[PDB]
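Here is what each chain is made of, one letter per residue.
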Amino acid sequence: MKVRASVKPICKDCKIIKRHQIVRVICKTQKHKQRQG
Amino acid sequence: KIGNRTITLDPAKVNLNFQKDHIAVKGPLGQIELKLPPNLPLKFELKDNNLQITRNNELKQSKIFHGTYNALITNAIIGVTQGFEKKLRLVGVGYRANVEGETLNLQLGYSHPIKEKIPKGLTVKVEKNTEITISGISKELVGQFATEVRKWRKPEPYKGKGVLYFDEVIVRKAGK
Amino acid sequence: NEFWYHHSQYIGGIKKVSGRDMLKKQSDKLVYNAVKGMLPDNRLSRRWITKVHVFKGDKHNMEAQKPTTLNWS
Amino acid sequence: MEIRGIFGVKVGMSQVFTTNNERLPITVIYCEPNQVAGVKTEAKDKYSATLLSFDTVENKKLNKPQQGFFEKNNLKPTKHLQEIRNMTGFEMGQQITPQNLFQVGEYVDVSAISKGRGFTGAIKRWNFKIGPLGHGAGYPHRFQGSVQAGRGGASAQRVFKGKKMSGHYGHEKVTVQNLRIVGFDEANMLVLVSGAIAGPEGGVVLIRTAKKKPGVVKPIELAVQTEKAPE
Amino acid sequence: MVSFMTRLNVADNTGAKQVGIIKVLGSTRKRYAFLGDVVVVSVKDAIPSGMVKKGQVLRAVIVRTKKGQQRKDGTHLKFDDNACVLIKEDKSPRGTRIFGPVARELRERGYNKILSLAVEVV
RNA sequence: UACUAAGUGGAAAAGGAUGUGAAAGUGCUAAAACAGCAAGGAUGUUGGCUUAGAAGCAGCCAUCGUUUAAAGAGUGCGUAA
RNA sequence: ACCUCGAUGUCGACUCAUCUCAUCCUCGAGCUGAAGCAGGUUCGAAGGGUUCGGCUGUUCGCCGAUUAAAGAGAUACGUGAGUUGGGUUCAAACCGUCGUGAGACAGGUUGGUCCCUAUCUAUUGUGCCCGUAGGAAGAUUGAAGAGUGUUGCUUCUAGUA
RNA sequence: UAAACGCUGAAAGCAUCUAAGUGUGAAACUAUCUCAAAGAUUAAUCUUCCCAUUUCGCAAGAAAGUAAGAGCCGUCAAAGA
Ligand SMILES: [K+]
Ligand SMILES: [Mg+2]
Ligand SMILES: [Mg+2]
Ligand SMILES: [Mg+2]
Ligand SMILES: [Mg+2]
Ligand SMILES: [Mg+2]
Ligand SMILES: [Mg+2]
Ligand SMILES: [Mg+2]
Ligand SMILES: [Mg+2]
Ligand SMILES: [Mg+2]
Ligand SMILES: [Mg+2]
Ligand SMILES: [Mg+2]
Ligand SMILES: [Mg+2]
Ligand SMILES: [Mg+2]
Ligand SMILES: [Mg+2]
Ligand SMILES: [Mg+2]
Ligand SMILES: [Mg+2]
Ligand SMILES: [Mg+2]
Ligand SMILES: [Mg+2]
Ligand SMILES: [Mg+2]
Ligand SMILES: [Mg+2]
Ligand SMILES: [Mg+2]
Ligand SMILES: [Mg+2]
Ligand SMILES: [Mg+2]
Ligand SMILES: [Mg+2]
Ligand SMILES: [Mg+2]
Ligand SMILES: [Mg+2]
Ligand SMILES: [Mg+2]
Ligand SMILES: [Mg+2]
Ligand SMILES: [Mg+2]
Ligand SMILES: [Mg+2]
Ligand SMILES: [Mg+2]
Ligand SMILES: [Zn+2]
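Parameters and conventions
- Residues numbered from 1 in each chain as written, not as in the entry; some residues may be left out.
- Chains lettered and ligands numbered in written order.
- Part of a larger assembly, values for the part shown.
- Heavy atoms only, no water.
- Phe/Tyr/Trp six-rings, centres within 6.5 Å; stacked < 30°, edge-to-face > 60°.
- Helix = DSSP H or I, 4+ residues; strand = E, 2+ residues; numbered from the N terminus.
- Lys NZ or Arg CZ within 6 Å of the ring centre and 35° of its normal.
- Near = heavy atom within 4 Å.
- Polar contact = N/O pair within 3.5 Å; in protein donor to acceptor, adjacent residues only side chain to side chain.
- Nonpolar A, V, L, I, M, F, W, Y, C, P; charged D, E, K, R; others polar.
- Salt bridge = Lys/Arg side-chain N within 4 Å of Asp/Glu carboxyl O.
- Buried < 20%, exposed > 50% of the residue type's maximum accessible area, 1.4 Å probe, protein only.
- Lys, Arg positive; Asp, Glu negative; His and termini not counted.
- Contact = heavy atoms within 4.5 Å.
- Buried area = accessible area lost by both parts, 1.4 Å probe.
- Donors = N, O, S within 2.8 Å, 3.2 Å for Na, K, Ca; no water.

- This entry, as listed in the PDB, derives from cryo-EM and reports a resolution of 2.9 Å.

In structure tokens, the structure reads:
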């Protein structure tokens, strides 16, 4: 998981969700999990 | 939409007693109990072979509940009528599991013997040492059993070793 | 999300309790402290906070005083 | 939990040789038969405990209120009264000895009042370091250590509560845990406890079930001498 | 109890008459070294016909102590001089013979070669 | 009378986000909308230089045409290709 | 250049430490160009621990041998009514350099006085008086608290995955 | 409970750890371990013992008159300036 101030989809499969009042990015590729949006 | 989705059920064996906050579903299998949280913004109606859930307002949580409980009623009826099953492919070099009484024991790779207690209402069968089938009447309970069995050996990406799910593909890596 | 704080005169003696923990472990102390905070810093406020008998259950050893019953007060 | 307790008087320290070739220092405790003076129940009191009476004395050496209590409860007059928490299962007015309480080699802990030492300094009390003795020195050699936390209005400017300085040391209750009972002497009413017990010889001693190892009993057996008188 | 910067004798055939302790190997602030303890040392007095040279930093194990130590049965073993023998990584003695007696605490910590090459164990 | 769900109120920037409310336009939809599900998803050919090789998915020469509802010198993965 | 020139003792060392986290070790997890072992990065986490020496007044620094680790800072760059005075900075003397000179140099070197019996408050202990509503002697519950919390090696599991 | 991983599930027919419901999870937190603690004036609880006079008037009044216990003093040390 990558913690960045700005989170944006990397591929077309990356999907933005909002969990526990924090926006994260989930995808099939685990290299692209992002948080702290 | 799920909220405005028909729930056509045959009255052959499935009845649904609707109390204030206690929904009871009885059918071929065991009875399922659903709790209604207080001040539920959605009224059910019980016609002949058709249940329709309606709401009072256009609130966000109102729509969310309308969808969620339609899905919950669908899942309860299916489990009561035909149940739910999960399949785990336990694969490895010396991995094997079996069932003794109320405890399912596994020997994956651990010095300490691994045992796991089975909750009420769920039946786990082992036809082959590499195969596990968890059958129950509540979807979330069989899912919890599957995941807590999985937690001992999650499938690694370098080889196939682990407690895999059935028809579940993993991303392969080549560790030269 | 809201915390209640109590510091002893030592270092690190800051004890924190959440709203839920206060509502379960000691709820009488929470109501007592809340009422005390709404009083003027005074030498009579001690007696004023003394006259508040807060109980965590339906029972009370104060039935000998014949206390009148009023709602929402 | 199921806590068992007995009271006695420490009489001294000796050693015993044991099988498996160990020399075990032991403490000897003279344990009088203790009398259960009261039982306090969880339902009626809000907690459960057992209070015994020990160190018996003649009636003329006891005050009027205590002898009245003893004659009201139909008990043997004793000058010492104390209780242990969570001690249940004993009927009022029953003589209790350590043989019925503990096993041959089970683990117990022991509480006793430490040997009084009086007004001691910081080094003897808090294991502090002594200042340098040579290469030039000053009046304070056995210095306690600088108690500065902050000098100036933006800092503490005060000695912090609970500082480590000189004061009273000794005559304080202390507990040593996981001591194995070695032997029982019914005729002399004498208990052998491994290790060292705090307190002066002749002081009171409380033997309790160890909370760290409640049911653990490590075997211990003594050695029988094979010697023979001169040939 | 041999401590830091302690001169002690070597009881083997290696050319080292006086050896100085550098570190009490094993942990942080390990104050003393009792019988059977391993230390790092430096050869300070040596001989021309010796396997070691003066100034080398090496590893040794102590076999004797003047202070002595007490065993479980209660016997207190006490020598009259602190002695150590030079050992190799494998825990094998560097010398071919051991002079004088050695303790039995070596037996507990392996060191079987040292015991078999000694004159008499105590 | 509306708004906020953050104790925001009750301190902050570049930047990021299917938080929510209001408004103004535009596309399709009961001649069926969107998502999902079930099917097909092509031929010359694997075009040709080019590259050990690429030929639906290396750089190119570009960035073909028919059948047909649709199909791309392909959407990726991927195959030495 | 706002406080202090009717005086706020300034480097380093010793003793005692406390606090913060931007975490050195221990603890948990995500990704890996993570086969295993050992790593890299990020996230959570401040309970405890965080070595001894050679040279230098030294902080710093280089080097030696260990350790799980030898963390970054703040607290008048903590701490002289707690210690020392090696350094800086009095008077003495010399070297290099500047000055015609008396003298001068964050150039170098040798030597060279560190006071105070604690009033208040803070703190460590120990008492008298009074209150707790009759008095006294005993045994208790526990609101609010304080103290400790570190970790390594070997064997087996298993030369198994 | 933090980080993290979840199961069942919609808003947003798919998907989705979350919104309802239900879990897992660190030497951190609350207890379990040791010590002290009712001056905790919000001054707690239990047990035992001793008071329960004659007169005058003025009553948590007087003159005398009633006990448990404690202190002063002495010998001391399991204690201690
Ligand atoms: K000044
Ligand atoms: Mg002097
Ligand atoms: Mg002196
Ligand atoms: Mg201020
Ligand atoms: Mg201040
Ligand atoms: Mg704010
Ligand atoms: Mg947005
Ligand atoms: Mg908007
Ligand atoms: Mg100006
Ligand atoms: Mg100032
Ligand atoms: Mg002045
Ligand atoms: Mg002054
Ligand atoms: Mg001063
Ligand atoms: Mg952090
Ligand atoms: Mg803790
Ligand atoms: Mg030297
Ligand atoms: Mg500064
Ligand atoms: Mg300073
Ligand atoms: Mg500093
Ligand atoms: Mg500066
Ligand atoms: Mg000072
Ligand atoms: Mg100083
Ligand atoms: Mg001085
Ligand atoms: Mg001062
Ligand atoms: Mg000087
Ligand atoms: Mg001097
Ligand atoms: Mg001069
Ligand atoms: Mg000149
Ligand atoms: Mg207090
Ligand atoms: Mg799901
Ligand atoms: Mg838990
Ligand atoms: Mg008053
Ligand atoms: Zn992606």
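### Observations concerning the packing of aromatic side chains
The description of an aromatic ring pair uses the distance of the two centres, along with the angle that the planes make with each other.
Working step 1: By the definition in use, this model includes 6 aromatic pairs over all chains.
Working step 2: Ring plane angle 65° and centroid distance 5.2 Å describe the contact between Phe18 of chain B and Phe44 of chain B, whose orientation is recorded as edge-to-face. Of this pair, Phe18 of chain B sits in strand 1 (residues 15-18) while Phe44 of chain B sits in strand 4 (residues 42-46), and the two are 26 residues apart along the sequence.
Working step 3: When the ring of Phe7 of chain D is compared with that of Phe54 of chain D, the centres are 4.5 Å apart and the planes differ by 5°; the resulting orientation is stacked. Of the two residues, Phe7 of chain D is situated in strand 1 (residues 5-18) and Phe54 of chain D in strand 4 (residues 49-56); the sequence distance between them amounts to 47 residues.
Working step 4: Lying across the ring of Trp152 of chain B, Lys151 of chain B places its NZ or CZ 5.5 Å from the centre.
Working step 5: A cation over a ring is seen here: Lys91 of chain E above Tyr111 of chain E, with NZ or CZ 4.6 Å from the ring centre.

### Topic: the protein's contact with RNA strand F
Working step 1: Close to RNA strand F lie 13 residues, the nearest being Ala5, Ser6, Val7 and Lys8 of chain A together with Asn1 of chain C.
Working step 2: Here RNA strand F approaches the protein such that, of its atoms within 4 Å, sugar and phosphate make up 78%.
Working step 3: With respect to RNA strand F, the side chain of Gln21 of chain A contributes an N or O atom lying 3.4 Å from a phosphate oxygen.
Working step 4: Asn1 of chain C places a side-chain nitrogen or oxygen 2.9 Å from a phosphate oxygen of RNA strand F.
Working step 5: Its residues assigned to classes, the surface near RNA strand F shows 4 nonpolar, 4 polar and 5 charged.

### Re the pattern of salt bridges
If the charged atoms of two oppositely charged side chains come close together, the side chains can form a pair.
Working step 1: Taken as a whole and assessed by the stated rule, the structure comprises 13 salt bridges over all chains.
Working step 2: Two residues, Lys88 of chain E and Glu89 of chain E, come together in a salt bridge whose shortest N-O distance is 3.5 Å.
Working step 3: The exposure class of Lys88 of chain E is partly exposed, given its relative accessible area of 35%.
Working step 4: On the accessibility criterion, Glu89 of chain E (70% relative accessible area) is exposed.
Working step 5: Shared partners join several salt bridges into a network, and the residues in it are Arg55, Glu58 and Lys63 of chain B.

### Comments concerning the side chain of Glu106 of chain D
All names here are of chain D.
Working step 1: Inspection of the secondary structure assignment puts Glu106 in the loop between helix 3 (98-101) and strand 7 (107-113).
Working step 2: An unpaired buried charge is present at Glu106: no salt bridge exists, and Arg4, the closest side chain of opposite charge, is 5.5 Å distant.
Working step 3: Not counting residues up to four positions away in its chain, the partners in contact with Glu106 are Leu179, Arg180, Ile181, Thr209, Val216 and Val217.

### Observations regarding the interface of chain D and chain E
Working step 1: On the side of chain E, 4 residues touch chain D, which itself brings 4 residues to the contact.
Working step 2: When the two sides are added together, the surface that chain D and chain E hide from each other amounts to roughly 360 Å², 40% of it contributed by carbon and sulfur.
Working step 3: On the chain D side of the interface with chain E, the three residues burying the most area are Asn21, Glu22 and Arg23 of chain D, jointly 87% of the side's total.
Working step 4: Our enumeration of links across chain D and chain E arrives at 0 salt bridges.
Working step 5: Linking chain D to chain E there are 1 residue pair in polar contact.

### Here we look at the coordination of the zinc ion (ligand 33)
Residue and element names in this part refer to chain A.
Working step 1: For the zinc ion (ligand 33), every protein donor is listed as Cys14 (SG) and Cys27 (SG), and the spread of their distances is 2.4 to 2.6 Å. Highlighted residues: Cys14 in the loop between strand 1 (2-3) and strand 2 (15-19) and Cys27 in the loop between strand 3 (22-26) and strand 4 (34-35), separated in sequence by 13 residues. We note that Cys14, like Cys27, is buried.

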